[PDB]
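Working notes, structure below.
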Amino acid sequence: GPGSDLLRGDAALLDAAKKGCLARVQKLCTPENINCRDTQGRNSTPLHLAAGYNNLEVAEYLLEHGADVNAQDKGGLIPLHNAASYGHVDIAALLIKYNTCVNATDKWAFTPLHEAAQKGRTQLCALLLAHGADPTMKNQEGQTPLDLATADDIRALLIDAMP
Amino acid sequence: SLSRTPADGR
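Going line by line, the protein sequences match chains A and B. Start counting the first sequence at 795; every next residue gets the next number (the entry's author numbering). Start counting the second sequence at 1046; every next residue gets the next number (the entry's author numbering).
Okay, here's the thing in structure tokens:
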């Protein structure tokens, strides 16, 4: 019935966005499911998955068809957090071009710069800083991105950017 | 914090 049809379609769109299969994304996307959610996992949208799994053209396709650049998963992450976590520079630059909030905060008040700093993503850190990421922001535990950084190159980068 | 789990991606 229409209900199970919608369920099958949502799941197939999320899978296609994770795998980067643009032909399936084009076929299955609708204005009603563009921001559908992986309810069995992190409640990610197709754009979260395209960002996290480094599928740039699927990501821009989703953005060009109304994907919410500031949609939050169950932890408060927006897709820029996923790109920051895994170091996907071109994805992050695209999300910034589509007016994402560079200093967005998740449920623990981590910003994308906290995420890139903790995960060792040096060029992503530099990109975020060049677009106004604030290295003085503390998460809920009181930690700046520098406090989370363990790599020499990222620590040097953040120390330079901080007052 | 401790409950924080990884973002979707690779």
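Backbone N, C-alpha and C fix where the C-beta goes; we use that ideal spot for every residue, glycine too.
(message) So for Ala927(A), helix, strand or coil by DSSP?
(response) Your numbering for residue 927(A) matches position 133 in the first sequence. If DSSP states are grouped into helix, strand and coil, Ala927(A) belongs with coil.
Item checked: chain B contacts made by the stretch 837-857 of chain A, where a contact means CB separation under 8 Å -> Per Cβ criterion, the list reads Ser838, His842, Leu843, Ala845, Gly846, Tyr847 and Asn848.
| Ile953(A): buried (16+ other C-beta within 10 angstroms of its C-beta) or exposed? | Counting from 1 along the first sequence, the entry for residue 953(A) is found at position 159. Counting Cβ neighbours within 10 Å, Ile953(A) comes out exposed, since fewer than 16 surround it.
- Message: I'd like the span of the alpha helix (DSSP H) that includes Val852(A), first residue to last.
- Response: Your numbering for residue 852(A) matches position 58 in the first sequence. That run of the alpha helix (DSSP H) goes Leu850 to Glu858.
* Proximity to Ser1048(B) [Cα-Cα], best of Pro840(A), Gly870(A) and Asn864(A) -> Your numbering for residue 1048(B) matches position 3 in the second sequence. The shortest Cα separation from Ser1048(B) among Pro840(A), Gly870(A) and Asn864(A) belongs to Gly870(A).
Which same chain residues, not among the five before or five after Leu843(A), have their C-beta less than 7 Å away from its C-beta?
In the first sequence, counting from the first residue as 1, residue 843(A) sits at position 49. These residues qualify, in order along the chain: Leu808, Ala811 and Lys812.
Quiz item: Are the stretch 823-842 of chain A and the stretch 852-862 of chain A touching by the rule of at least three beta carbon pairs closer than 8 Å?
Solution: yes
message = Since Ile890(A) and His859(A) should fall inside the 8 Å C-beta cutoff, what is the C-beta to C-beta distance between them, to a whole number of angstroms?
response = Translated into the one-based positions of the first sequence, residue 890(A) becomes position 96. Translated into the one-based positions of the first sequence, residue 859(A) becomes position 65. Here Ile890(A) is actually not in contact with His859(A); their C-beta atoms are around 19 Å apart, not less than 8 Å.
Checklist entry - Between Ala955(A), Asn893(A) and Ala845(A), which lies nearest to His875(A) when the distance is taken from Cα to Cα? => result Numbered from 1 along the first sequence, position 81 holds the residue referred to as residue 875(A). Closest option to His875(A), Cα to Cα, is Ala845(A).
Legend entry - 4-residue-minimum alpha helix (DSSP H) runs that sit fully inside the stretch 881-937 of chain A, ordered along the chain: 883-891, 906-913 and 916-924
query: Do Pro906(A) and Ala920(A) come within 8 Å of each other at the CB atom, strictly closer than that value?
result: In the first sequence, residue 920(A) corresponds to position 126, counting from 1. In the first sequence, residue 906(A) corresponds to position 112, counting from 1. Not a contact, by the Cβ cut-off of 8 Å.
Could you give the C-beta distance for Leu923(A) and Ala955(A), rounded to a whole number, given that I count them as a contact under 8 Å? In the first sequence, counting from the first residue as 1, residue 923(A) sits at position 129. In the first sequence, counting from the first residue as 1, residue 955(A) sits at position 161. 5 Å between Cβ atoms; contact.
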